[PDB]
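Chain residues, written in single-letter form:
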Amino acid sequence: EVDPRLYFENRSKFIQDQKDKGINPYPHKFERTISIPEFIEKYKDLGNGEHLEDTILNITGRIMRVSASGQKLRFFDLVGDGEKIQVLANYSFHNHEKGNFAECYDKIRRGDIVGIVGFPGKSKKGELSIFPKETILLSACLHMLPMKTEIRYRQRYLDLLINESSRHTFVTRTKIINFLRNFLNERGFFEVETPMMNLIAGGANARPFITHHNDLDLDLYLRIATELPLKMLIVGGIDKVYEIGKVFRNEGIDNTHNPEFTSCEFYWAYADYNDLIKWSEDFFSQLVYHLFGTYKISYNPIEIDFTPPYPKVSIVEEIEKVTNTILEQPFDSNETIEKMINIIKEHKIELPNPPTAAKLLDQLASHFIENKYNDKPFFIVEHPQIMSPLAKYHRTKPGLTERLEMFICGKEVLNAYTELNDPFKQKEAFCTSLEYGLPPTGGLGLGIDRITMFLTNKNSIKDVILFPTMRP
Amino acid sequence: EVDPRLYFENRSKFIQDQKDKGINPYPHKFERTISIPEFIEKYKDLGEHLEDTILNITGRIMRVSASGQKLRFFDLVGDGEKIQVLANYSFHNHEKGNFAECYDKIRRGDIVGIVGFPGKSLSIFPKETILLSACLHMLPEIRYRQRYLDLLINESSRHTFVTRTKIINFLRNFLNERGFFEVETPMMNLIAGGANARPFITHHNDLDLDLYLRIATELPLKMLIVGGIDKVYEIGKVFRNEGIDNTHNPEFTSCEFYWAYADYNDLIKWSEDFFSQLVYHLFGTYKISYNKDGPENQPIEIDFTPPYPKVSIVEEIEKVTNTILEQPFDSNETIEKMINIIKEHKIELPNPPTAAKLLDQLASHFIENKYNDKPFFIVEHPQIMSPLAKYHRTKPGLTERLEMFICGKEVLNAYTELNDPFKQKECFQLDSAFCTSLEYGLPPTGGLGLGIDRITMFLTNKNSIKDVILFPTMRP
Ligand SMILES: C[C@@H]1CCC[C@@H](C[C@H]2Cc3cc(O)cc(O)c3C(=O)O2)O1
Ligand SMILES: C[C@@H]1CCC[C@@H](C[C@H]2Cc3cc(O)cc(O)c3C(=O)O2)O1
Ligand SMILES: N[C@@H](CCCC[NH3+])C(=O)O
Ligand SMILES: N[C@@H](CCCC[NH3+])C(=O)O
Ligand SMILES: [Cl-]
Ligand SMILES: [Cl-]
Ligand SMILES: [Cl-]
Ligand SMILES: [Cl-]
Ligand SMILES: [Cl-]
């Protein structure tokens, strides 16, 4: 046992003493000639007890175990890029003209970043190793590191160094985003950037963040979505367009909500809801196979089968069906509002404030549909116009829209529709752009963080964001 | 020849009349079988007709002409390309509507679907033409507020934003080929560091908390180096709550990377490789022309062939002003001296006149416009300007820093990172989370920032940042 403060204070005095004796504990440059992954790839085939003594290399990394088998034989584990080798430092092999062996190695502690000049071999036990001639401290770790709560979210660097799975999680994340980018680019889509701060915040229903620009003396809204300006680009003649990036919604933090999250929205001119469904099934099934070489995955446990096609459940037909009720249109008539309210009560669930037709329908949809399936993803489709102000009216079903929303394990990860392009039907900047002619178009949104949760077996969004937002 | 409101209001009545006569003017779906680029590629080689092929094609009408009632000529555009629609009474399927009625209805800007056959006279010959989405206004500062108009009317506008995405694509593949790992860091933090700039503030309601939009990505990326991600980067927006002018937009796109075990010399090689390769990739040459002073007056050449000149900020200021600037730079004798030089040359005195801002001002007057024919680096900036850069390995008072300039504008800032936590407190309000991460061991590291919008300005021949942002931030 050691007191952390003593540890820290002592390592601090050590640093100052090195400085004072003229040794620079933070040297500027150490020219490494090979990485640890490279080193392993290149020498893993060596024979037990075989040294290549005439092959000198410079290698770096973080010391993670310190050991000894006497004062003239020190062992360390050295990690870089998520791989590990042994450092076997033997007194006889040490270049004594550069410091007392014992001084130079007593000072090396767990967490230290080091540079090593030495030669590759395997120990007789077969352990792939570097045998120093010289070991340089490049950057000390001044605190004792954990061997094994909230710290993983506040000190993500600690998490990344100690837990192999943490690194796997964020690697998978970037892979997911890479796949998506190439998937859209293969299909002729054009990546763009739209503003994060606008005079209005539209394209979804969510409270916004507000901020103030000093030069223009103006209160701007951080964006809750990217829909409106992307559509303006369709009008502008960019027929396949998308954006991957953050959006901001000013509401509660939970296991599936972070106030900044990463979305992808695309707009596809001359497509419609049917094209969007096909796209969703292709994307998800191909994404999953690309990561796992199979369509069925384990999640915390339950199997999720991503083999297309997926079930499509019509929001009205299904609510009515599981509640032996008819919901007469208009959906915001008093008779249908009262009725919807009755169901809420009849089933003792939380009444939304205020109880508008759109929010009641939404609430009924979360209770009676959204957890219909767990074995596969599925779509809820054909949402009422009152919920869907920017979706186009259904081509055979008055009151409804050509909309879909994909769910995985009761959580929405996708929202898409045929875009309303008739400016007259919309009144009930962007609006001006519609008057110039928005071609028939299909639009689609993904929630990236939520997708990554499922494909890395996490059940908090916090586990797939490097630095999630938290109370200090 | 027409009032815009009449035009608009009339096209509106037309839309309603179509609806009332049972025609849906905004059909849900027209299944096209070929795009315009595809169409061109496939039939460029056809003076002849091929009635041996019936196709469905879409696009926006952009010119309407005629040579008789029975002979109508349109330009149709999609994905940057254009073909002719030659609509001839002969070829029209009269079992689907009066030829003259249909085609009198079609105006400039209309989005249409066409069923016809390919030929040259390079054209599509309709048997039938469907309206898919009308343009209710006659088509021609507006370029910034209605960027859709700009994208449709000016070929160069589309070139500009295509080039922009290409630039970002090249950069992404350039870092990925070299083993770099893309990540996302937060846009809203409890403090905003990594640069000197006023921040935007916003408030989260459920946690009842004030947060700062990020002015840079430096600190959290460095925390990822500590975490063992030795090559890391982020491309994305940052926010600085400052003035707006030809080279400043309050949100702009940057790229920052951190390269463990590299230093300032690695960063210079990287900069030269990146820029020269980027330019050749776009133009098949290293020398490009740029209308600094506007398309009105004469352009200049910019030669991106490496290597680029490196000018040491202290050496050069002293040299062009016959002065010695004794360290410390924030002593009174050296502040007063710097002031007197600003006074003797009638340049604007910064408020307050700190050592760092005076040095900065002297650097913008006497160095930053040294070259115009090539990019160049200003290097080895004083510590007082550079609170996160590491101290120079042989030059007291200075740091291992570089800034690249193109035509007098900074596009790159990079350095060997200060990784000694004891020296940093002394340099520094900035993060304790960050400061704590340093104590766990930041390896020797090189960091670099690019200003993407400003790079794109130079490589698309624009001299306002507003020309390379789709929707720049403006007053209503
Ligand atoms: C833009 C996407 C398209 C798919 C449907 C939803 C999913 C989105 C909802 C959401 C809301 C929120 O307040 C905080 C979040 O973190 C998330 C999220 O992670 O996922 O929005
Ligand atoms: C992160 C980069 C590294 C290179 C140096 C600067 C360039 C950056 C500075 C700037 C500041 C600003 O308030 C508004 C801007 O638009 C820009 C810009 O576009 O250029 O920052
Ligand atoms: N803006 C939508 C995503 C696209 C919906 C289809 N246009 C949302 O945030 O849910
Ligand atoms: N954060 C710097 C970019 C360079 C980073 C070098 N450590 C800036 O905003 O200007
Ligand atoms: Cl249908
Ligand atoms: Cl939700
Ligand atoms: Cl390297
Ligand atoms: Cl050097
Ligand atoms: Cl600047």
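Residues numbered from 1 in each chain as written, not as in the entry; some residues may be left out. Chains lettered and ligands numbered in written order. Heavy atoms only, no water. Residues with missing side-chain atoms left out of burial classes, pairs and counts.

> Can you help me understand the overall build of chain B in this one?
Helix and strand content of chain B: 14 helices and 18 strands. For a compact globule of 476 residues, the expected C-alpha radius of gyration is about 23 Å, and chain B comes in at 29 Å, more than 25% above that figure. Projected onto the principal axes, the alpha-carbon positions of chain B cover approximately 90 × 55 × 45 Å. (Helix = DSSP H or I, 4+ residues; strand = E, 2+ residues; numbered from the N terminus. Rg over C-alpha atoms; globule rule 2.2 N^0.38 Å.)

> Please clarify how the interface of chain B and chain A should be interpreted in this entry.
Accessible area lost upon the coming together of the parts is a frequently used measure of interface size. Contacts between the two partners involve 99 residues from chain B, matched on the other side by 95 residues from chain A. Take the side of chain B that touches chain A: its biggest share by element is 8 residues, from helix 6 (residues 155-177) of chain B. Per-class residue counts for the side of chain B that touches chain A are 49 nonpolar, 27 polar and 23 charged. (Contact = heavy atoms within 4.5 Å. Nonpolar A, V, L, I, M, F, W, Y, C, P; charged D, E, K, R; others polar.)

> Mind showing me how you'd approach the sheet that holds strand 3 (residues 81-88) of chain B here?
Residue and element names in this part refer to chain B. If you walk around this closed barrel you meet the 5 strands as 1-2-3-5-4, and the pairing is mixed. Strand-to-strand, the axes of this sheet are offset by a mean angle of 50°, without reference to chain direction. Strands in contact with helix 2 (residues 36-43) are strand 1 (55-66), strand 2 (71-78), strand 3, strand 4 (111-119) and strand 5 (123-133); relative to strand 3, the strand with the most contacts, it is inclined by about 80°. (Pairing = 2+ DSSP bridges. Axes fitted to C-alpha atoms, helices over the stretch in contact; angles between N-to-C directions.)

> Please explain the environment of B:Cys255 as it appears in this structure.
Residues and elements named next belong to chain B. By the element assignment, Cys255 lies in strand 11 (residues 251-260). The sequence separation of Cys255 and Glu234 amounts to 21 residues, and the corresponding C-alpha distance is 5.7 Å. Not counting residues up to four positions away in its chain, the partners in contact with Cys255 are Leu171, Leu175, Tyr233, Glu234, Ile235, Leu448, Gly449, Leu450 and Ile452.

> Is there a simple way to think about the pairing of strand 17 (residues 411-418) of chain A in this case?
Residue and element names in this part refer to chain A. As judged from the 6 bridges shared by strand 16 (residues 403-408) and strand 17, these two strands associate in the antiparallel manner. Within strand 17, the position partnered with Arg403 by the bridge is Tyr417. Taking the residues between adjacent antiparallel strands as the criterion, strand 16 and strand 17 are bridged by 2 residues, where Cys409 takes a positive phi near 50°. Two elements, strand 17 and strand 18 (residues 441-447), share 5 bridges in a ladder whose sense is antiparallel. Bridge pairing links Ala416 to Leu444 in strand 18.

> What am I meant to see in the environment of A:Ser67 here?
Residue and element names in this part refer to chain A. Looking at the element boundaries, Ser67 is found in strand 1 (residues 57-68). Placed 10 residues apart in sequence, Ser67 and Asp77 show a C-alpha to C-alpha distance of 8.8 Å. In this view, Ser67 contacts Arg74 and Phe75; residues no more than four positions away in its chain are not counted.

> Where do I start with the domain arrangement of chain B in this structure?
Residue and element names in this part refer to chain B. As assigned here, chain B comprises domain 1 (1-140) and domain 2 (141-472). The C-alpha centroid of domain 2 is placed 49 Å from the C-alpha centroid of domain 1. At the junction of the two partners, domain 1 supplies 7 residues and domain 2 supplies 4 residues. When its residues are assigned to classes, the side of domain 1 that touches domain 2 shows 3 nonpolar, 1 polar and 3 charged. (Domains from an automatic or database assignment.)

> Whenever I open this one, helix 10 (residues 332-344) of chain B confuses me. Can you help?
An α-helix turns once every 3.6 residues. As a result, residues three or four positions apart point the same way. When the terminal C-alpha atoms of helix 10 of chain B are compared, their 18 Å separation across 13 residues agrees well with the 18 Å that a helix rising 1.5 Å per residue should span. Immediately beyond the C-terminal end of helix 10 of chain B, within one or two residues, lies B:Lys346, with a positive phi of roughly 40°. (Expected span 1.5 Å × (residues − 1).)

> In this structure, what is going on with the domain arrangement of chain A? I would like to understand it.
Residue and element names in this part refer to chain A. Here chain A is partitioned into domain 1 (1-148) and domain 2 (149-468). Each of domain 1 and domain 2 has a C-alpha centre, and the two are 49 Å apart. Tallying the contact residues gives 7 residues for domain 1 and 4 residues for domain 2. In the side of domain 1 that touches domain 2, the residues fall into 4 nonpolar, 1 polar and 2 charged.

> For this particular structure, what's the right way to read the pattern of salt bridges?
Between A:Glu318 and A:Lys372 there is a salt bridge, with its nearest N and O atoms 2.6 Å apart. One end of the pair, A:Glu318, is in helix 9 (residues 315-322); the other, A:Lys372, is in the loop between helix 11 (357-368) and strand 15 (378-381), and 54 residues separate them in sequence. Note that B:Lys423 is salt-bridged to B:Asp420, the shortest N-O span being 2.5 Å. Shared partners join several salt bridges into a network, and the residues in it are A:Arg181, A:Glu191, B:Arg172 and B:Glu182. (Salt bridge = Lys/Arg side-chain N within 4 Å of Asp/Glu carboxyl O.)

> I keep staring at the environment of A:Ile304 and nothing clicks. Help me out?
Tracing the sequence through the fold places A:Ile304 in strand 13 (residues 302-305). Counting along the chain gives 73 residues from A:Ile304 to A:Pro377, while the straight-line C-alpha distance between them is 7.5 Å.

> Would you mind going over the packing of helix 9 (residues 313-320) of chain B against helix 11 (residues 355-366) of chain B with me for this structure?
In a packed pair of helices, the relevant descriptors are the angle between the two axes and the axis-to-axis distance. All names here are of chain B. Across the interface, helix 9 lies against helix 11 with an axial gap of 10 Å and an inter-helix angle of 70°. Comparing their axes, helix 11 and helix 9 come out roughly perpendicular. In this structure, helix 9 meets helix 11 at a crossing whose hand is left-handed. Residues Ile313, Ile317 and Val320 of helix 9 form the contact with helix 11, whose participating residues are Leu359, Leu362, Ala363 and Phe366. The residue inventory of the contact of helix 9 with helix 11, partitioned by class, reads 7 nonpolar, no polar and no charged. (Parallel < 35°, antiparallel > 145°, perpendicular 65-115°, else oblique. Left-handed = near helix turned anticlockwise from the far one by under 90°.)

> What exactly am I supposed to notice about the sheet that holds strand 9 (residues 209-213) of chain B here?
What links the strands of a sheet is backbone hydrogen bonding, and the strands pair in either a parallel or an antiparallel sense. Residues and elements named next belong to chain B. Across the sheet, 3 strands lie side by side as 7-9-8; this open sheet has antiparallel pairing. Either end of the sheet is taken by a strand with one partner, and the two such strands are strand 7 (188-189) and strand 8 (201-204). The pairing of strand 8 with strand 9 spans 4 bridges and is antiparallel. By the bridge assignment, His203 is partnered in strand 9 with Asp210.

> Hey, could you run me through the side chain of A:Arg403 in this one?
All names here are of chain A. You can see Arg403 is positioned in strand 16. Within the local environment of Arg403, its side chain forms a polar contact with the backbone oxygen of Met387, the two atoms lying 3.2 Å apart. Reaching out from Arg403, the side chain makes a polar contact with the side chain of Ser388 at a distance of 2.7 Å. With near-sequence residues (within four places) excluded, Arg403 lies in contact with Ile380, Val381, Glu382, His383, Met387, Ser388, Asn415, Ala416 and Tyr417. (Polar contact = N/O pair within 3.5 Å; in protein donor to acceptor, adjacent residues only side chain to side chain.)

> Explain unusual backbone geometry to me, please; I cannot follow it from the model alone.
A negative phi angle characterises most non-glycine residues, just as the trans form characterises most peptide bonds. With omega at -5°, the peptide bond leading from A:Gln329 into A:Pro330 counts as cis. Inspection of the secondary structure puts A:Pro330 in the loop between helix 9 and helix 10 (334-346). Going from B:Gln327 to B:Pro328, the amide bond is cis rather than trans, its omega being 0°. Summarising the element assignment, B:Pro328 is placed in the loop between helix 9 and helix 10.

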